[PDB]
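Participant: Sharing run.txt (compact mmCIF, N, CA and C atoms) below.
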# COMPACT_ATOMS: atom_id res chain seq x y z
N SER M 845 -43.92 -44.34 1.79
CA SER M 845 -43.90 -42.87 1.51
C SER M 845 -43.66 -42.65 0.01
N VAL M 846 -44.02 -41.47 -0.49
CA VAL M 846 -43.83 -41.18 -1.91
C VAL M 846 -42.49 -40.46 -2.15
N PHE M 847 -41.74 -40.89 -3.16
CA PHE M 847 -40.49 -40.22 -3.44
C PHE M 847 -40.18 -40.32 -4.93
N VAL M 848 -39.32 -39.43 -5.41
CA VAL M 848 -38.92 -39.42 -6.82
C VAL M 848 -38.09 -40.67 -7.11
N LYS M 849 -38.34 -41.31 -8.24
CA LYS M 849 -37.59 -42.51 -8.60
C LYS M 849 -36.69 -42.21 -9.82
N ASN M 850 -37.26 -41.57 -10.84
CA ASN M 850 -36.51 -41.20 -12.06
C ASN M 850 -36.90 -39.78 -12.44
N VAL M 851 -35.93 -39.03 -12.97
CA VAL M 851 -36.14 -37.65 -13.42
C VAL M 851 -35.36 -37.43 -14.71
N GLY M 852 -35.90 -36.58 -15.58
CA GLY M 852 -35.23 -36.29 -16.82
C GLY M 852 -35.64 -34.91 -17.30
N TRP M 853 -34.87 -34.36 -18.23
CA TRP M 853 -35.23 -33.07 -18.77
C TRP M 853 -34.58 -32.90 -20.11
N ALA M 854 -35.11 -31.95 -20.87
CA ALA M 854 -34.53 -31.67 -22.17
C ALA M 854 -34.79 -30.20 -22.30
N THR M 855 -33.73 -29.41 -22.41
CA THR M 855 -33.88 -27.96 -22.53
C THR M 855 -33.32 -27.43 -23.85
N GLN M 856 -33.85 -26.30 -24.28
CA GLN M 856 -33.42 -25.65 -25.50
C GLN M 856 -32.85 -24.29 -25.11
N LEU M 857 -33.30 -23.20 -25.71
CA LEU M 857 -32.74 -21.90 -25.32
C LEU M 857 -33.50 -21.23 -24.18
N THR M 858 -34.79 -21.04 -24.36
CA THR M 858 -35.58 -20.37 -23.31
C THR M 858 -36.79 -21.21 -22.87
N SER M 859 -36.74 -22.52 -23.09
CA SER M 859 -37.86 -23.37 -22.67
C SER M 859 -37.33 -24.78 -22.48
N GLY M 860 -38.13 -25.63 -21.86
CA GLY M 860 -37.67 -26.98 -21.66
C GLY M 860 -38.80 -27.84 -21.16
N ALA M 861 -38.52 -29.13 -21.02
CA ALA M 861 -39.51 -30.08 -20.56
C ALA M 861 -38.84 -30.90 -19.47
N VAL M 862 -39.63 -31.24 -18.45
CA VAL M 862 -39.10 -32.03 -17.35
C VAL M 862 -40.00 -33.23 -17.17
N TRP M 863 -39.40 -34.38 -16.89
CA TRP M 863 -40.19 -35.59 -16.66
C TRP M 863 -39.81 -36.13 -15.30
N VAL M 864 -40.79 -36.70 -14.60
CA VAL M 864 -40.51 -37.25 -13.29
C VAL M 864 -41.37 -38.47 -13.07
N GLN M 865 -40.76 -39.53 -12.55
CA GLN M 865 -41.51 -40.74 -12.25
C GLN M 865 -41.34 -41.05 -10.77
N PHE M 866 -42.46 -41.24 -10.08
CA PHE M 866 -42.42 -41.51 -8.66
C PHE M 866 -42.44 -42.98 -8.30
N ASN M 867 -42.20 -43.30 -7.03
CA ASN M 867 -42.14 -44.71 -6.66
C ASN M 867 -43.47 -45.43 -6.81
N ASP M 868 -44.58 -44.68 -6.85
CA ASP M 868 -45.90 -45.29 -6.98
C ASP M 868 -46.26 -45.58 -8.42
N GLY M 869 -45.32 -45.33 -9.33
CA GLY M 869 -45.59 -45.59 -10.74
C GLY M 869 -46.17 -44.38 -11.46
N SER M 870 -46.52 -43.32 -10.74
CA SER M 870 -47.12 -42.18 -11.43
C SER M 870 -46.03 -41.36 -12.10
N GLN M 871 -46.44 -40.46 -12.98
CA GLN M 871 -45.50 -39.61 -13.73
C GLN M 871 -46.05 -38.22 -14.01
N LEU M 872 -45.15 -37.25 -14.03
CA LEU M 872 -45.48 -35.87 -14.36
C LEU M 872 -44.59 -35.51 -15.56
N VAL M 873 -45.15 -34.82 -16.55
CA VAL M 873 -44.37 -34.33 -17.69
C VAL M 873 -44.77 -32.86 -17.68
N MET M 874 -43.78 -31.97 -17.60
CA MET M 874 -44.05 -30.55 -17.53
C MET M 874 -43.26 -29.77 -18.55
N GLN M 875 -43.85 -28.68 -19.05
CA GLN M 875 -43.11 -27.85 -19.99
C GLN M 875 -42.97 -26.52 -19.26
N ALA M 876 -41.80 -25.89 -19.40
CA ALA M 876 -41.52 -24.63 -18.71
C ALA M 876 -40.89 -23.60 -19.66
N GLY M 877 -40.83 -22.34 -19.25
CA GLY M 877 -40.26 -21.31 -20.12
C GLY M 877 -39.67 -20.16 -19.31
N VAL M 878 -38.72 -19.44 -19.89
CA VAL M 878 -38.08 -18.32 -19.21
C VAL M 878 -38.94 -17.06 -19.42
N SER M 879 -39.30 -16.37 -18.33
CA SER M 879 -40.11 -15.14 -18.45
C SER M 879 -39.24 -13.89 -18.49
N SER M 880 -38.00 -14.01 -18.03
CA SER M 880 -37.09 -12.85 -18.09
C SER M 880 -35.65 -13.26 -17.96
N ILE M 881 -34.80 -12.55 -18.70
CA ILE M 881 -33.38 -12.80 -18.70
C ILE M 881 -32.66 -11.52 -18.31
N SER M 882 -31.88 -11.59 -17.25
CA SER M 882 -31.11 -10.44 -16.78
C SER M 882 -29.66 -10.82 -17.01
N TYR M 883 -29.05 -10.15 -17.98
CA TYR M 883 -27.67 -10.41 -18.38
C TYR M 883 -26.73 -9.33 -17.87
N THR M 884 -25.70 -9.75 -17.16
CA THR M 884 -24.69 -8.83 -16.67
C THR M 884 -23.43 -9.10 -17.49
N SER M 885 -23.03 -8.11 -18.28
CA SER M 885 -21.84 -8.21 -19.12
C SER M 885 -20.58 -8.28 -18.30
N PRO M 886 -19.48 -8.74 -18.91
CA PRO M 886 -18.24 -8.80 -18.15
C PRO M 886 -17.88 -7.37 -17.70
N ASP M 887 -18.38 -6.35 -18.41
CA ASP M 887 -18.06 -4.96 -18.03
C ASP M 887 -18.92 -4.41 -16.91
N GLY M 888 -19.77 -5.26 -16.31
CA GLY M 888 -20.61 -4.81 -15.20
C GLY M 888 -21.96 -4.21 -15.53
N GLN M 889 -22.26 -3.99 -16.80
CA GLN M 889 -23.55 -3.41 -17.18
C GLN M 889 -24.62 -4.50 -17.22
N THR M 890 -25.78 -4.23 -16.65
CA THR M 890 -26.86 -5.22 -16.66
C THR M 890 -28.00 -4.82 -17.57
N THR M 891 -28.50 -5.78 -18.35
CA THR M 891 -29.61 -5.55 -19.27
C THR M 891 -30.65 -6.66 -19.08
N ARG M 892 -31.91 -6.27 -18.95
CA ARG M 892 -32.98 -7.24 -18.77
C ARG M 892 -33.78 -7.39 -20.07
N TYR M 893 -34.09 -8.64 -20.43
CA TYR M 893 -34.90 -8.90 -21.61
C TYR M 893 -36.17 -9.63 -21.20
N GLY M 894 -37.30 -9.02 -21.49
CA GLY M 894 -38.57 -9.62 -21.17
C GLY M 894 -38.84 -10.75 -22.15
N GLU M 895 -39.88 -11.54 -21.88
CA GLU M 895 -40.19 -12.68 -22.72
C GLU M 895 -40.51 -12.31 -24.16
N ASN M 896 -41.10 -11.13 -24.34
CA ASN M 896 -41.47 -10.68 -25.68
C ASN M 896 -40.44 -9.76 -26.38
N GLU M 897 -39.20 -9.78 -25.94
CA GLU M 897 -38.18 -8.96 -26.57
C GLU M 897 -37.25 -9.87 -27.33
N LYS M 898 -36.76 -9.39 -28.47
CA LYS M 898 -35.84 -10.18 -29.27
C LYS M 898 -34.51 -10.22 -28.52
N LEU M 899 -33.85 -11.37 -28.52
CA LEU M 899 -32.57 -11.50 -27.84
C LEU M 899 -31.43 -11.29 -28.81
N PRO M 900 -30.42 -10.50 -28.41
CA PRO M 900 -29.29 -10.29 -29.32
C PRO M 900 -28.58 -11.63 -29.50
N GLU M 901 -27.85 -11.78 -30.60
CA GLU M 901 -27.15 -13.03 -30.86
C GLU M 901 -26.16 -13.48 -29.81
N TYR M 902 -25.40 -12.56 -29.23
CA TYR M 902 -24.41 -12.98 -28.25
C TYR M 902 -25.03 -13.63 -27.00
N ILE M 903 -26.26 -13.24 -26.67
CA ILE M 903 -26.95 -13.84 -25.53
C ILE M 903 -27.49 -15.23 -25.94
N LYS M 904 -28.01 -15.35 -27.16
CA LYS M 904 -28.50 -16.64 -27.64
C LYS M 904 -27.35 -17.67 -27.65
N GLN M 905 -26.17 -17.27 -28.13
CA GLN M 905 -25.03 -18.19 -28.18
C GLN M 905 -24.62 -18.66 -26.79
N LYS M 906 -24.75 -17.79 -25.78
CA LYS M 906 -24.40 -18.20 -24.42
C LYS M 906 -25.51 -19.10 -23.85
N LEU M 907 -26.77 -18.82 -24.21
CA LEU M 907 -27.90 -19.65 -23.76
C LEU M 907 -27.74 -21.07 -24.31
N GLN M 908 -27.29 -21.17 -25.55
CA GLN M 908 -27.11 -22.47 -26.17
C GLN M 908 -26.10 -23.33 -25.43
N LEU M 909 -25.21 -22.71 -24.66
CA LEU M 909 -24.22 -23.49 -23.93
C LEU M 909 -24.91 -24.23 -22.79
N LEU M 910 -26.14 -23.81 -22.50
CA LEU M 910 -26.92 -24.43 -21.41
C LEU M 910 -27.84 -25.56 -21.86
N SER M 911 -28.18 -25.60 -23.14
CA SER M 911 -29.09 -26.63 -23.63
C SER M 911 -28.57 -28.04 -23.36
N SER M 912 -29.41 -28.89 -22.76
CA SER M 912 -28.98 -30.25 -22.46
C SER M 912 -30.13 -31.21 -22.26
N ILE M 913 -29.79 -32.50 -22.26
CA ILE M 913 -30.74 -33.60 -22.04
C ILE M 913 -30.16 -34.37 -20.86
N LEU M 914 -30.96 -34.62 -19.84
CA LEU M 914 -30.47 -35.36 -18.70
C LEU M 914 -31.49 -36.44 -18.34
N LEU M 915 -30.99 -37.60 -17.94
CA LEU M 915 -31.84 -38.70 -17.49
C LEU M 915 -31.16 -39.23 -16.24
N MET M 916 -31.90 -39.36 -15.13
CA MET M 916 -31.34 -39.88 -13.89
C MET M 916 -32.31 -40.93 -13.33
N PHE M 917 -31.79 -42.11 -12.98
CA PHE M 917 -32.60 -43.21 -12.44
C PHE M 917 -32.05 -43.73 -11.11
N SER M 918 -32.94 -44.07 -10.18
CA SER M 918 -32.50 -44.67 -8.92
C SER M 918 -32.01 -46.06 -9.34
N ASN M 919 -30.87 -46.49 -8.81
CA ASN M 919 -30.30 -47.79 -9.16
C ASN M 919 -30.17 -48.68 -7.91
N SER G 845 -14.56 -21.15 -27.24
CA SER G 845 -13.73 -20.61 -26.12
C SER G 845 -14.57 -20.25 -24.88
N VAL G 846 -15.75 -19.66 -25.10
CA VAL G 846 -16.63 -19.29 -23.99
C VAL G 846 -17.22 -20.54 -23.35
N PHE G 847 -17.23 -20.62 -22.02
CA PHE G 847 -17.83 -21.79 -21.39
C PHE G 847 -18.47 -21.48 -20.03
N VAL G 848 -19.39 -22.36 -19.63
CA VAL G 848 -20.07 -22.22 -18.35
C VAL G 848 -19.08 -22.50 -17.26
N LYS G 849 -19.04 -21.66 -16.23
CA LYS G 849 -18.11 -21.89 -15.15
C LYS G 849 -18.85 -22.33 -13.90
N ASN G 850 -19.89 -21.58 -13.55
CA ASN G 850 -20.71 -21.87 -12.38
C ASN G 850 -22.16 -21.81 -12.83
N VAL G 851 -23.00 -22.59 -12.16
CA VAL G 851 -24.43 -22.61 -12.46
C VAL G 851 -25.18 -22.93 -11.18
N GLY G 852 -26.38 -22.39 -11.05
CA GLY G 852 -27.16 -22.66 -9.86
C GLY G 852 -28.63 -22.38 -10.10
N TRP G 853 -29.47 -22.86 -9.21
CA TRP G 853 -30.90 -22.59 -9.33
C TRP G 853 -31.58 -22.75 -7.98
N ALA G 854 -32.80 -22.25 -7.90
CA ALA G 854 -33.60 -22.36 -6.70
C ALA G 854 -34.99 -22.49 -7.28
N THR G 855 -35.68 -23.60 -7.00
CA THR G 855 -37.02 -23.77 -7.53
C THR G 855 -38.00 -23.98 -6.37
N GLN G 856 -39.25 -23.56 -6.57
CA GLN G 856 -40.26 -23.74 -5.54
C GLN G 856 -41.25 -24.78 -6.04
N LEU G 857 -42.51 -24.41 -6.22
CA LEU G 857 -43.48 -25.41 -6.67
C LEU G 857 -43.53 -25.47 -8.19
N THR G 858 -43.97 -24.39 -8.83
CA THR G 858 -44.06 -24.35 -10.29
C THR G 858 -43.16 -23.25 -10.89
N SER G 859 -42.30 -22.67 -10.08
CA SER G 859 -41.46 -21.60 -10.59
C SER G 859 -40.05 -21.72 -10.10
N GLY G 860 -39.14 -21.01 -10.75
CA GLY G 860 -37.76 -21.07 -10.33
C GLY G 860 -36.91 -20.01 -10.99
N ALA G 861 -35.66 -19.91 -10.52
CA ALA G 861 -34.71 -18.98 -11.08
C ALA G 861 -33.44 -19.79 -11.28
N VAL G 862 -32.77 -19.53 -12.39
CA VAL G 862 -31.51 -20.19 -12.76
C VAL G 862 -30.46 -19.11 -12.90
N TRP G 863 -29.25 -19.37 -12.40
CA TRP G 863 -28.14 -18.43 -12.49
C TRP G 863 -26.97 -19.14 -13.21
N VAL G 864 -26.25 -18.40 -14.05
CA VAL G 864 -25.12 -18.96 -14.78
C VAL G 864 -23.98 -17.95 -14.84
N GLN G 865 -22.76 -18.40 -14.58
CA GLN G 865 -21.59 -17.53 -14.68
C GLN G 865 -20.69 -18.15 -15.74
N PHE G 866 -20.27 -17.36 -16.71
CA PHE G 866 -19.40 -17.86 -17.76
C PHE G 866 -17.94 -17.54 -17.42
N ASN G 867 -17.01 -18.19 -18.11
CA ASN G 867 -15.60 -17.98 -17.84
C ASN G 867 -15.14 -16.56 -18.17
N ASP G 868 -15.90 -15.83 -18.97
CA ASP G 868 -15.49 -14.46 -19.32
C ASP G 868 -15.99 -13.48 -18.27
N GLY G 869 -16.59 -14.01 -17.21
CA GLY G 869 -17.08 -13.16 -16.14
C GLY G 869 -18.52 -12.65 -16.30
N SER G 870 -19.16 -12.94 -17.42
CA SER G 870 -20.54 -12.48 -17.59
C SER G 870 -21.47 -13.40 -16.80
N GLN G 871 -22.69 -12.92 -16.55
CA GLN G 871 -23.69 -13.67 -15.75
C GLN G 871 -25.10 -13.55 -16.30
N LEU G 872 -25.86 -14.63 -16.20
CA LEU G 872 -27.27 -14.66 -16.62
C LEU G 872 -28.12 -15.08 -15.42
N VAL G 873 -29.18 -14.32 -15.13
CA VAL G 873 -30.11 -14.70 -14.07
C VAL G 873 -31.44 -14.78 -14.83
N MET G 874 -32.06 -15.98 -14.83
CA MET G 874 -33.31 -16.20 -15.56
C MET G 874 -34.44 -16.67 -14.67
N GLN G 875 -35.60 -16.05 -14.84
CA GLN G 875 -36.79 -16.40 -14.06
C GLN G 875 -37.54 -17.37 -14.98
N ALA G 876 -38.09 -18.45 -14.43
CA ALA G 876 -38.77 -19.43 -15.26
C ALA G 876 -39.99 -19.99 -14.54
N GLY G 877 -40.85 -20.64 -15.31
CA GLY G 877 -42.04 -21.22 -14.70
C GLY G 877 -42.63 -22.32 -15.55
N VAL G 878 -43.28 -23.26 -14.88
CA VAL G 878 -43.95 -24.36 -15.54
C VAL G 878 -45.24 -23.79 -16.10
N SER G 879 -45.54 -24.07 -17.36
CA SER G 879 -46.74 -23.54 -17.99
C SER G 879 -47.81 -24.62 -18.26
N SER G 880 -47.40 -25.89 -18.28
CA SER G 880 -48.34 -27.01 -18.44
C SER G 880 -47.82 -28.23 -17.71
N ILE G 881 -48.75 -28.97 -17.10
CA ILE G 881 -48.42 -30.17 -16.36
C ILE G 881 -49.31 -31.29 -16.87
N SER G 882 -48.69 -32.45 -17.10
CA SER G 882 -49.38 -33.62 -17.60
C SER G 882 -49.07 -34.75 -16.61
N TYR G 883 -50.07 -35.12 -15.80
CA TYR G 883 -49.94 -36.18 -14.80
C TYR G 883 -50.48 -37.51 -15.32
N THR G 884 -49.66 -38.55 -15.26
CA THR G 884 -50.13 -39.87 -15.69
C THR G 884 -50.16 -40.74 -14.45
N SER G 885 -51.36 -41.19 -14.07
CA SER G 885 -51.53 -42.01 -12.88
C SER G 885 -50.84 -43.35 -13.02
N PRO G 886 -50.70 -44.08 -11.91
CA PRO G 886 -50.04 -45.39 -11.98
C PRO G 886 -50.73 -46.31 -12.96
N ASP G 887 -52.03 -46.12 -13.14
CA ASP G 887 -52.80 -46.95 -14.08
C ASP G 887 -52.81 -46.44 -15.53
N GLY G 888 -52.00 -45.41 -15.80
CA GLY G 888 -51.90 -44.91 -17.16
C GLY G 888 -52.92 -43.90 -17.62
N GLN G 889 -53.65 -43.27 -16.71
CA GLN G 889 -54.62 -42.26 -17.16
C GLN G 889 -53.96 -40.87 -17.06
N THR G 890 -54.04 -40.11 -18.15
CA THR G 890 -53.42 -38.77 -18.20
C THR G 890 -54.40 -37.60 -18.07
N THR G 891 -54.03 -36.65 -17.23
CA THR G 891 -54.81 -35.45 -17.00
C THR G 891 -53.85 -34.30 -17.21
N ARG G 892 -54.25 -33.36 -18.05
CA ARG G 892 -53.41 -32.21 -18.36
C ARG G 892 -53.92 -30.93 -17.73
N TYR G 893 -52.99 -30.07 -17.32
CA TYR G 893 -53.35 -28.80 -16.73
C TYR G 893 -52.54 -27.71 -17.38
N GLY G 894 -53.25 -26.64 -17.74
CA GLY G 894 -52.64 -25.48 -18.34
C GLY G 894 -52.49 -24.38 -17.32
N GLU G 895 -51.90 -23.28 -17.78
CA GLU G 895 -51.61 -22.12 -16.95
C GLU G 895 -52.83 -21.49 -16.30
N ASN G 896 -53.97 -21.58 -16.96
CA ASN G 896 -55.22 -21.01 -16.44
C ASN G 896 -55.98 -22.00 -15.52
N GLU G 897 -55.40 -23.16 -15.23
CA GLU G 897 -56.09 -24.15 -14.37
C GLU G 897 -55.43 -24.35 -13.02
N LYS G 898 -56.23 -24.72 -12.02
CA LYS G 898 -55.69 -24.97 -10.68
C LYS G 898 -55.33 -26.46 -10.55
N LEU G 899 -54.27 -26.75 -9.81
CA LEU G 899 -53.81 -28.12 -9.59
C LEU G 899 -54.39 -28.69 -8.31
N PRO G 900 -54.72 -30.00 -8.31
CA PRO G 900 -55.27 -30.71 -7.15
C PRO G 900 -54.14 -30.83 -6.16
N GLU G 901 -54.48 -30.98 -4.87
CA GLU G 901 -53.48 -31.10 -3.81
C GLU G 901 -52.54 -32.28 -3.92
N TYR G 902 -53.03 -33.42 -4.40
CA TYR G 902 -52.12 -34.55 -4.49
C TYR G 902 -51.07 -34.31 -5.58
N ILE G 903 -51.40 -33.48 -6.56
CA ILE G 903 -50.43 -33.14 -7.62
C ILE G 903 -49.39 -32.17 -7.02
N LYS G 904 -49.85 -31.16 -6.29
CA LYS G 904 -48.96 -30.17 -5.68
C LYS G 904 -48.00 -30.86 -4.73
N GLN G 905 -48.53 -31.76 -3.91
CA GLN G 905 -47.73 -32.51 -2.97
C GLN G 905 -46.58 -33.14 -3.72
N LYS G 906 -46.86 -33.70 -4.89
CA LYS G 906 -45.79 -34.34 -5.64
C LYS G 906 -44.81 -33.30 -6.17
N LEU G 907 -45.34 -32.14 -6.55
CA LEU G 907 -44.51 -31.03 -7.03
C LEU G 907 -43.52 -30.57 -5.97
N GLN G 908 -43.95 -30.56 -4.71
CA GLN G 908 -43.06 -30.12 -3.63
C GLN G 908 -41.80 -30.97 -3.51
N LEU G 909 -41.89 -32.26 -3.88
CA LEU G 909 -40.72 -33.14 -3.78
C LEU G 909 -39.64 -32.76 -4.79
N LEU G 910 -39.98 -31.87 -5.73
CA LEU G 910 -39.02 -31.46 -6.76
C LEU G 910 -38.25 -30.18 -6.42
N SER G 911 -38.80 -29.38 -5.51
CA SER G 911 -38.18 -28.13 -5.09
C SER G 911 -36.75 -28.32 -4.61
N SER G 912 -35.82 -27.56 -5.18
CA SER G 912 -34.42 -27.66 -4.77
C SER G 912 -33.65 -26.38 -5.01
N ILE G 913 -32.46 -26.35 -4.44
CA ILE G 913 -31.53 -25.25 -4.54
C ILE G 913 -30.24 -26.01 -4.89
N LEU G 914 -29.64 -25.67 -6.03
CA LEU G 914 -28.41 -26.33 -6.49
C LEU G 914 -27.35 -25.28 -6.81
N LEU G 915 -26.11 -25.56 -6.42
CA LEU G 915 -24.98 -24.68 -6.72
C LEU G 915 -23.90 -25.60 -7.25
N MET G 916 -23.37 -25.28 -8.43
CA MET G 916 -22.29 -26.06 -9.03
C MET G 916 -21.17 -25.12 -9.53
N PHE G 917 -19.93 -25.40 -9.13
CA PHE G 917 -18.78 -24.57 -9.51
C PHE G 917 -17.65 -25.42 -10.08
N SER G 918 -16.94 -24.88 -11.07
CA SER G 918 -15.77 -25.59 -11.61
C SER G 918 -14.71 -25.52 -10.48
N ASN G 919 -14.04 -26.63 -10.18
CA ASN G 919 -13.04 -26.68 -9.12
C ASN G 919 -11.62 -26.46 -9.66
Could the structure of this file be written out as structure tokens, please?
Facilitator:
Amino acid sequence: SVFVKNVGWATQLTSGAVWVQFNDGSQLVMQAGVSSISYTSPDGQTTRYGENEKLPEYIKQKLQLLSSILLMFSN
Amino acid sequence: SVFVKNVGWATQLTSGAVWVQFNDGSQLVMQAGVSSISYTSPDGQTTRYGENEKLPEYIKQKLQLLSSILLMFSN
């Protein structure tokens, strides 16, 4: 049967790339992006930002807390 | 001082949503999608697909193995 063997990703602020290697030796490399961000402030107010809207700095700084690189392999 | 407290996502075939809760109580809900796929066969041949192209069934089948729902909370 076919199953995932190794997976990895590298993300930035609103986009990222994912890699996957299957047991048959094949591989997929994909690039992805955020189309909308709905931010709910601690005060309960919600604001939506479309892909073509500039993001205020405080949202960018929180997005940066999410940026990461991950590599996982079956052992 | 600001940090990620809880994070989660739900992905389907080529799309997904990510949720994040910070320690200050604010929340981000982001809609995302794969915009390009690069498949490398076991023999090393690469075929690329863009947003305006349809994916073959054997590629989709492999995409389905990636679909997940993840919830992570600080304990």
Participant: Can you tell me, as number ranges by chain, what residues are no more than 10 Å from residue 854 (chain M) when counting only C-alpha atoms, ignoring any on the same chain fewer than 6 positions away?
Facilitator: M: 860-863, 875, 911-915
Participant: Can you measure atom C of residue 865 (chain G) to CA of residue 851 (chain G) for me? One decimal in Å is fine.
Facilitator: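 Computed distance, atom C of residue 865 (chain G) to CA of residue 851 (chain G), equals 6.7 Å.
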Participant: Would you please extract all helix (DSSP H, G or I) residues from chain M, as assigned by DSSP on the backbone, and give them as a VMD selection string?
Facilitator: chain M and resid 901 to 907
Participant: Output N, CA and C atoms of each residue in that selection to a file, as an mmCIF file, keeping the file's coordinate frame.
Facilitator:
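Saved the output as part.cif:
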data_model
loop_
_atom_site.group_PDB
_atom_site.id
_atom_site.type_symbol
_atom_site.label_atom_id
_atom_site.label_comp_id
_atom_site.auth_asym_id
_atom_site.auth_seq_id
_atom_site.Cartn_x
_atom_site.Cartn_y
_atom_site.Cartn_z
ATOM 1 N N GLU M 901 -27.850 -11.780 -30.600
ATOM 2 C CA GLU M 901 -27.150 -13.030 -30.860
ATOM 3 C C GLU M 901 -26.160 -13.480 -29.810
ATOM 4 N N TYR M 902 -25.400 -12.560 -29.230
ATOM 5 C CA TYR M 902 -24.410 -12.980 -28.250
ATOM 6 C C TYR M 902 -25.030 -13.630 -27.000
ATOM 7 N N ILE M 903 -26.260 -13.240 -26.670
ATOM 8 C CA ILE M 903 -26.950 -13.840 -25.530
ATOM 9 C C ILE M 903 -27.490 -15.230 -25.940
ATOM 10 N N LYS M 904 -28.010 -15.350 -27.160
ATOM 11 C CA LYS M 904 -28.500 -16.640 -27.640
ATOM 12 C C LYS M 904 -27.350 -17.670 -27.650
ATOM 13 N N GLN M 905 -26.170 -17.270 -28.130
ATOM 14 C CA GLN M 905 -25.030 -18.190 -28.180
ATOM 15 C C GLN M 905 -24.620 -18.660 -26.790
ATOM 16 N N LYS M 906 -24.750 -17.790 -25.780
ATOM 17 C CA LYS M 906 -24.400 -18.200 -24.420
ATOM 18 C C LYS M 906 -25.510 -19.100 -23.850
ATOM 19 N N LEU M 907 -26.770 -18.820 -24.210
ATOM 20 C CA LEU M 907 -27.900 -19.650 -23.760
ATOM 21 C C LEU M 907 -27.740 -21.070 -24.310
#
Participant: Just give me the gap between CA of residue 845 (chain G) and atom C of residue 891 (chain M) in Å, one decimal is fine.
Facilitator: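 Rounded to one decimal, the two atoms are 23.0 Å apart.
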Participant: Can you tell me how far atom N of residue 908 (chain G) sits from CA of residue 856 (chain G), in Å to one decimal?
Facilitator: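 Atom-to-atom, atom N of residue 908 (chain G) and CA of residue 856 (chain G) are spaced 7.8 Å apart.
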Participant: Residues of chain M that approach chain G to 7 Å or less, counting all atoms listed in the file: could you list each one with the shortest pair of atoms and its distance in Å to one decimal, rows by chain and increasing residue number, as JSON lines?
Facilitator:
{"residue": "M:848", "atom": "N", "partner": "G:909", "partner_atom": "CA", "distance": 6.6}
{"residue": "M:868", "atom": "C", "partner": "G:886", "partner_atom": "CA", "distance": 5.2}
{"residue": "M:869", "atom": "C", "partner": "G:886", "partner_atom": "CA", "distance": 4.0}
{"residue": "M:870", "atom": "CA", "partner": "G:886", "partner_atom": "N", "distance": 4.1}
{"residue": "M:871", "atom": "C", "partner": "G:884", "partner_atom": "N", "distance": 3.8}
{"residue": "M:872", "atom": "CA", "partner": "G:882", "partner_atom": "C", "distance": 4.4}
{"residue": "M:873", "atom": "N", "partner": "G:882", "partner_atom": "C", "distance": 3.9}
{"residue": "M:874", "atom": "CA", "partner": "G:880", "partner_atom": "C", "distance": 4.4}
{"residue": "M:875", "atom": "C", "partner": "G:879", "partner_atom": "N", "distance": 4.0}
{"residue": "M:876", "atom": "CA", "partner": "G:878", "partner_atom": "CA", "distance": 4.0}
{"residue": "M:877", "atom": "N", "partner": "G:877", "partner_atom": "C", "distance": 4.1}
{"residue": "M:878", "atom": "CA", "partner": "G:876", "partner_atom": "CA", "distance": 4.2}
{"residue": "M:879", "atom": "N", "partner": "G:875", "partner_atom": "C", "distance": 3.9}
{"residue": "M:880", "atom": "C", "partner": "G:875", "partner_atom": "N", "distance": 4.2}
{"residue": "M:881", "atom": "CA", "partner": "G:874", "partner_atom": "CA", "distance": 4.6}
{"residue": "M:882", "atom": "C", "partner": "G:873", "partner_atom": "N", "distance": 4.0}
{"residue": "M:883", "atom": "CA", "partner": "G:871", "partner_atom": "C", "distance": 4.6}
{"residue": "M:884", "atom": "N", "partner": "G:871", "partner_atom": "C", "distance": 3.9}
{"residue": "M:885", "atom": "C", "partner": "G:870", "partner_atom": "CA", "distance": 4.3}
{"residue": "M:886", "atom": "N", "partner": "G:870", "partner_atom": "CA", "distance": 4.1}
{"residue": "M:887", "atom": "N", "partner": "G:870", "partner_atom": "CA", "distance": 6.6}
{"residue": "M:909", "atom": "CA", "partner": "G:848", "partner_atom": "N", "distance": 6.6}
Participant: Enclose all atoms of region 865-878 of chain G listed in the file in an axis-aligned box, grow every side by 5 Å, and hand back centre and edge lengths in Å to one decimal, as lines of an AutoDock Vina configuration file.
Facilitator:
center_x = -30.2
center_y = -18.4
center_z = -16.7
size_x = 40.1
size_y = 21.9
size_z = 15.3
Participant: Write out as a VMD selection string all residues of chain G that DSSP puts in strand (DSSP E) for this structure's backbone.
Facilitator: chain G and resid 848 to 855 859 to 866 871 to 884 890 to 894 913 to 917
Participant: Write out N, CA, C and O atoms for region 856-860 of chain M, as a PDB file, in the frame of the given file.
Facilitator:
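Saved as part23.pdb:
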ATOM      1  N   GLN M 856     -33.850 -26.300 -24.280  1.00  0.00           N
ATOM      2  CA  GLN M 856     -33.420 -25.650 -25.500  1.00  0.00           C
ATOM      3  C   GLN M 856     -32.850 -24.290 -25.110  1.00  0.00           C
ATOM      4  O   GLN M 856     -31.993 -24.231 -24.234  1.00  0.00           O
ATOM      5  N   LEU M 857     -33.300 -23.200 -25.710  1.00  0.00           N
ATOM      6  CA  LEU M 857     -32.740 -21.900 -25.320  1.00  0.00           C
ATOM      7  C   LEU M 857     -33.500 -21.230 -24.180  1.00  0.00           C
ATOM      8  O   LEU M 857     -32.912 -20.877 -23.171  1.00  0.00           O
ATOM      9  N   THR M 858     -34.790 -21.040 -24.360  1.00  0.00           N
ATOM     10  CA  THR M 858     -35.580 -20.370 -23.310  1.00  0.00           C
ATOM     11  C   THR M 858     -36.790 -21.210 -22.870  1.00  0.00           C
ATOM     12  O   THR M 858     -37.764 -20.670 -22.347  1.00  0.00           O
ATOM     13  N   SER M 859     -36.740 -22.520 -23.090  1.00  0.00           N
ATOM     14  CA  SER M 859     -37.860 -23.370 -22.670  1.00  0.00           C
ATOM     15  C   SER M 859     -37.330 -24.780 -22.480  1.00  0.00           C
ATOM     16  O   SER M 859     -36.189 -25.091 -22.851  1.00  0.00           O
ATOM     17  N   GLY M 860     -38.130 -25.630 -21.860  1.00  0.00           N
ATOM     18  CA  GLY M 860     -37.670 -26.980 -21.660  1.00  0.00           C
ATOM     19  C   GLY M 860     -38.800 -27.840 -21.160  1.00  0.00           C
ATOM     20  O   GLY M 860     -39.898 -27.340 -20.890  1.00  0.00           O
TER      21      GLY M 860
END
